[PDB]
């Protein structure tokens, strides 16, 4: 069966690393590979053959005009934000939630916490304290999803892969229910 999953969310969050890590098992680091590319994956979800189409997007205002063009015929959205970036998280409701719905008000959405590693590390833990800010806790991310209607809330690191595979296994279940 063919399922279309599109990953959106404030630029710099890690949507591309989220898709390259998951599909090829390598961090997009080492040069930053083929721009505006899309990814797909074949997965066995409970004795079932699934053809998973993954659509990448751009998070900077400049691509606002030609983003909705990828939305039609979607089966599940993944609004992303960085647990190390409070400014982003807020935009989850500020920009993304309204847009995705403005076009597809009936599609299952899932919230994801990109960069679950740089949440307990020595540096961003100080500089993020140098700006008078702090990481994103489970609540509010868990509440953000609920504040929305997200069929699910998950967290993962494209660097550690931890919680990565679950993200897409859920997107599929959120589809065929």
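Numbering follows the first chain given and starts at 1.
Check: 135 to 143 versus 23 to 31: which one carries the higher mean Cα B factor per the record?
Finding: Comparing 23 to 31 with 135 to 143, the higher average CA B-factor belongs to 135 to 143.
Next item on the list: Mind pulling up the entry and telling me whether 36 to 44 or 120 to 128 has the higher mean Cα temperature factor?
Entry: Higher mean C-alpha B-factor: 120 to 128.
Notebook entry, point to check: Per the coordinate record, which of the options 68, 59, 149, 53 holds the highest CA temperature factor?
Noted result: That would be 149, according to the entry.
Next item on the list: Would you mind checking where the Cα B-factor of residue 88 ranks among the modelled residues of its chain, as the lowest, middle or highest third?
Entry: Highest third.
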